[PDB]
Structure formats: C-alpha cells, structure tokens
C-alpha cells in the first residue's frame, strides 16, 4: 500500500521532500518499541519507523532497546537470560512510566504491523543479519526494510554480501572518526546506497558540508535530532524553540532529506508548513 509510495521517495536521491523517521515508533503516544507505537506512526503518516532488536535466551528476536528489561517493562534482568514466553507475561510501561496492557512484540509481529504501510529501519540487527533476514522472508517484508550498521563495506560484503541485493542497507558514519570520508566514498563506489546515516557531535566538525557535496543528488542524507551529540546540537529541543535553527539548518544547509526524531508529529507539522512533506 502506502509503503510503495514512501519507497519511491526513499529511492529518489534527487528528492526535494524530507522523510520522517519515528525513533522507536511514535512513543509519545504508546510505549516505545511496541506495535501500538508503530500503528501510531502509521496513523500519523510517518515514513519510516526505527525499531531496536534484542535476542532472547531461546533465540527469538524481539523489539527492545536496552540489554535489560528494567527500563521499559514490569520485569528486570538481561534479555539474554529470559525466554520469549516469560517476557510475554510482562507488560510495557508508557512514556510516563505507567504500566499498560501492551506486551513486548517479536520482530515478526512488528513487521506484520508495518507490512504494506510504513518502512522499517532496524537497529542493533547487523550482527544477526541472517537471523533477521529469515524473519523478513517469513513476513515477506524484505522490500520495505532498511538494515544499517557502522562497518566498512569490505566487512559487510564479507559477512553478509549475499544479502545486499535482497534488502536495503544504509551505512551509519560518525564524522568524528578520522576514516569517515573514506568509509563514505567506498560505500558510494561499491554499494551506491539509497541513503547514509550521518552522525556528528561537534557543531564545528568540518565534514558535514563536504558530505553534502559528496552525496549531492547521489544518496539521501539522514540526520538524527534525538539529542545533542548526534547532529551538532541541532536537536528536537532546539527545534521546539526554533525549528528553522534545528531542522531547517540540517535540511537546507547540510542537505538532509531524512530526519529521525523523537517528536514526529511536531516535525511532520513543520515539514508540512514548509511544503517539504505531504
């Protein structure tokens, strides 16, 4: 359905539109990393949901950011020490810490909720690419998923090269690293990805303008506004004061065409007023 429409922007490196990524789903409306948070993102016409993956003792893949259950659920302990069935007996806490009737979803459940409707970016999935791919195949969602990681293209080809013509892969590069430019140019040459996720903490890092020129009309640039260290203090809190100084700067000065935010309703509203999103 709508996901095909979203993908035609994601696959257009000349796009004048800016895609919205809801970090962990729209957690402002339902618990993070839940199917309810995905359905909220879909209802709001978010383009991509980012979801975090962990593996249970019994080898099942669930949505969970932390290595432990403590912050977001009624249980405690390391995910790797719990079985899926026992995790399913717990309940998710909402953003205010109130216990809900929602449960931890499996990756399969999340993908089935997203299927046909919203693209999905998985985090913490690179090292288990093959286990994830089997679930993508089971749910027939490989054409709407964006895998990502930080390894150079030589390593990704060696480890999971046979998957690169089957699912989208987006490199993540921290511009505070001395090898950042080479990692990017090697990806551009060898993989020609649809997008690159760019991270930098220092507002005066010299590379963001260079990356705009390197990736101009070649790949979409994804920046994160979740907190200060991800995009030189151009974050969601700054955007509440002045969205032009935060989101506008990233889009217009740095060439961002995808933004991952913790306030997707607010970002969508801004983008719609700018004529940069439907």
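Numbering follows the first chain given and starts at 1.
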* Asked: Hey, which bit's got the bigger mean C-alpha B factor in the entry, 72-80 or 132-140?
  -> 132-140
* Using only the Cα atoms and their B-factors as the entry lists them, report which of 32-40 and 211-219 averages higher. => 211-219
* Quick one: which of 105, 171, 161, 116 shows the highest Cα temperature factor in the PDB entry? => 161
* To do: In terms of CA temperature factor as recorded, identify the highest of 190, 197, 86, 202.
  => 190
* Asked: Looking at the C-alpha B-factor of residue 112, is it in the lowest, middle or highest third of its chain?
  -> lowest
* Asked: Ranked by Cα temperature factor within the chain, is residue 7 in the lowest third, the middle third or the highest third?
  -> lowest
* Structure fact -> Chain-relative C-alpha B factor for residue 100 (record values, thirds): the middle
* Structure fact -> Of the three thirds of the chain ranked by Cα temperature factor, residue 230 occupies the lowest
* Chain third (lowest, middle, highest) by recorded CA B-factor, residue given as residue 242 -> highest
